[PDB]
Amino acid sequence: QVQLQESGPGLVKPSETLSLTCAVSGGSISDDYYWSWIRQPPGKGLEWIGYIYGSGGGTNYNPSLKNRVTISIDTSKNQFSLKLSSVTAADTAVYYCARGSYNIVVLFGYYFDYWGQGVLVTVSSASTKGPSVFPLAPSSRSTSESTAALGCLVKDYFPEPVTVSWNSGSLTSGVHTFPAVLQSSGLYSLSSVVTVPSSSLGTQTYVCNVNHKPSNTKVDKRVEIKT
Amino acid sequence: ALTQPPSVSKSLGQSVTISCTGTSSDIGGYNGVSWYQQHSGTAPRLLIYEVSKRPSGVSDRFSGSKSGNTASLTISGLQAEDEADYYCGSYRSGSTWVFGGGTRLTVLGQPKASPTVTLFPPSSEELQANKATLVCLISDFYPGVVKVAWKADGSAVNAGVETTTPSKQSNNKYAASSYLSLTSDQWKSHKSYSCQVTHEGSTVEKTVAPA
Ligand SMILES: [Cl-]
């Protein structure tokens, strides 16, 4: 099945160039589609950036950005890409790739049936910082009988995002990862908690797997009772 | 661009119609308007294309129409799950594309729910770095509004607090968190700290101590 998968740096310095790529699977980039980019500045609406046409490579861009935008295809790799030059804080947004599908353009136009997952790009002169991860030792009082809550605190990272799993993704039931808080320092923090059987404590190991791709850092933090 | 109302609000089980006013060069130039649903933090999802067509897997509760240069999305039998931003969009003459500004849908009438409050003390290791973060995790409440007050030995703490805006959980209730950032010296100089969460006139207070 058709899938669009986005990748690219989530941190760009002002006046530098933003680059993203959209890897297509389940179909050919050479087919009759308008391979498109769309963005969404924080708390604002969707904004069209432009497209490249799969069968010929013709492009068209939003005139608000036509000066700064380049959209390209790499037929090997089955991908298309976005380059946005001379960025400013106004370009901070979630960027989406999407497939524009059509029948007869002059009668019905086209529409976006498949979408990439979206990549947040932050335009900032602040530098990348990896998180410090701290265990939150089990606490039984706020959970059901025979269970306890334990977690890990992911402190002081930049930029977003961080993802958390437990026991390498083998533990999924009862997991709750909370949205990040933004500190006055400009750094983010979040917490992830999981509710586990009180019986299992001491015998079963619990490890939170914290991934911060923007700093190419992963931390696997074991969580145990305090001593 | 394409003009949508910033918000609409209706109650559970009701219908709602969202308008999208464009021009004869887009909505009125083609049978080509499409509609997208976007939940916070996820990609837009196609609901309607070619004015009124639904992709397979989209609920028949969604329908679309147009009259002149205005398109309309109607959602029947409103559920909590339908709360989202809704966008219209269309091809426009001259080989371009335009989105509407988006409409945020609020669905009222959902049941009240009190928050669960989970409060963790600082870890040994953070303390060795002369820092102490108290973590107050607030979950399963509705509506998505809470007030958090931190206390040290019962007296109000105002400095060093950061509290998130509530966000929907998969079960359509809300979650938020509050952090109190202290020094280790501050942590060790009080008998206790408390996170007090107030919601709909009721308060849950949890306490932790250096022990
Ligand atoms: Cl607790």
Side-chain angles (χ1 to χ4, degrees), chain A residues 131-139 141-143 149-158 160-162 164 175-195 208 210, chain B residues 40-41 112-123 126-127 131-169 171 173-184 186-187 190-210:
Chain A
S132 297
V133 180
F134 299 104
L136 306 170
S139 175
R141 61 173 169 185
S142 73
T143 69
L150 56 84
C152 38
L153 169 62
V154 185
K155 191 178 165 199
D156 294 340
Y157 60 92
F158 180 86
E160 294 179 287
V162 149
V164 185
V175 173
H176 190 169
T177 300
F178 285 71
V181 69
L182 173 56
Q183 313 151 211
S184 43
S185 67
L187 309 179
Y188 294 92
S189 292
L190 66 73
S191 300
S192 176
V193 291
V194 57
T195 292
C208 72
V210 173
Chain B
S40 277
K112 309 279 196 58
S114 299
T116 295
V117 179
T118 307
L119 173 64
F120 293 99
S123 66
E126 192 193 11
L127 288 179
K131 302 284 190 63
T133 307
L134 284 53
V135 175
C136 191
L137 301 177
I138 315 168
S139 60
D140 290 327
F141 58 93
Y142 190 90
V145 182
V146 289
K147 208 173 209 182
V148 179
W150 288 88
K151 305 254 186 272
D153 297 331
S155 53
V157 169
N158 294 114
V161 176
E162 288 284 356
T163 301
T164 63
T165 300
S167 51
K168 284 228 262 185
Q169 307 166 168
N171 71 351
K173 296 185 181 64
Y174 287 85
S177 49
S178 189
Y179 294 82
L180 176 58
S181 301
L182 308 167
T183 67
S184 57
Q186 277 174 317
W187 173 240
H190 297 81
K191 197 222 193 170
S192 80
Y193 280 82
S194 307
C195 178
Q196 322 201 334
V197 180
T198 299
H199 175 80
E200 294 289 339
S202 292
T203 302
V204 176
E205 326 174 18
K206 301 294 175 78
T207 294
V208 291

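We name chains A, B, ... by the order of the sequence lines, and we start the count at 1 in each one.
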For the backbone of B:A113 and the side chain of B:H199, can you confirm whether one donor and one acceptor N or O come within less than 3.5 Å of each other?
yes
Once you round to the nearest 0.5 Å, how far does SG of A:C208 lie from CG of A:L150?
9.5 Å
Considering all heavy atoms, the nearest B:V117-B:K206 contact:
O-NZ, 2.6 Å
dist A:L190:CG -> A:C152:SG (nearest 0.5 Å) comes out at 8.5 Å
Is the NZ atom of B:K131 crowded by more than 12 outside heavy atoms at less than 6.0 Å?
no
Heavy-atom side-chain contact between A:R141 and B:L119 under 4.5 Å
yes
Donor-acceptor pairs under 3.5 angstrom involving side-chain atoms of residues 179-187 of chain A: please list them, not counting sequence neighbours.
from: A:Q183; atom 1: OE1; to: A:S189; atom 2: OG; distance (Å): 2.6
from: A:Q183; atom 1: NE2; to: A:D156; atom 2: OD1; distance (Å): 2.7
from: A:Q183; atom 1: NE2; to: A:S185; atom 2: OG; distance (Å): 3.1
from: A:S185; atom 1: OG; to: A:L187; atom 2: N; distance (Å): 3.2

Go through the steps to decide whether B:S202 and B:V204 satisfy the test side-chain contact (heavy atoms from CB on, under 4.5 Å), and finish with yes or no.
CA-CA 7 Å; B:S202 292; B:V204 176; over 6 Å; no
B:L134 vs B:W187, side-chain contact (heavy atoms from CB on, under 4.5 Å): CA-CA, chis, key distance, verdict:
CA-CA 9 Å; B:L134 284 53; B:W187 173 240; 3.9 Å; yes
Polar side chain donor-acceptor pair, B:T207 to B:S194, under 3.5 angstrom
yes
A:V162 and A:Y188, any side-chain heavy atoms less than 4.5 Å apart:
no
Heavy-atom nearest pair, A:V193 first then B:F120, reads CG1-CE1, 3.8 Å
Closest approach of B:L180 and B:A159, non-hydrogen atoms and distance?
CD1-O, 3.6 Å
Using every non-hydrogen atom in the two residues, find where A:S192 and A:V175 come nearest and quote the distance to one decimal.
OG-CG1, 4.1 Å
If you look only at pairs with a residue in residues 132-143 of chain B, which of them pass as a side chain to side chain donor-acceptor pair (under 3.5 Å), with sequence neighbours excluded?
B:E126-B:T133, B:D140-B:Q169, B:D140-B:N171
Over all heavy atoms of both residues, which pair between B:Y193 and B:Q186 is shortest? Give the atoms and the distance, please.
OH-O, 3.1 Å
Side-chain contact, heavy-atom cut-off 4.5 Å: B:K168 with B:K173?
no
What heavy-atom pair brings A:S142 and B:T116 nearest, and what distance separates the two atoms?
O-CG2, 4.0 Å
Which pairs pass side chain to side chain donor-acceptor pair (under 3.5 Å) with one or both residues in residues 147-160 of chain B, sequence neighbours excluded?
B:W150-B:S178
Between the side chains of B:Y179 and B:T164, is a donor N or O closer than 3.5 angstrom to an acceptor N or O?
no
Quick one: NZ on A:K155 to OG on A:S191, what's the gap to the nearest 0.5 Å?
11.5 Å
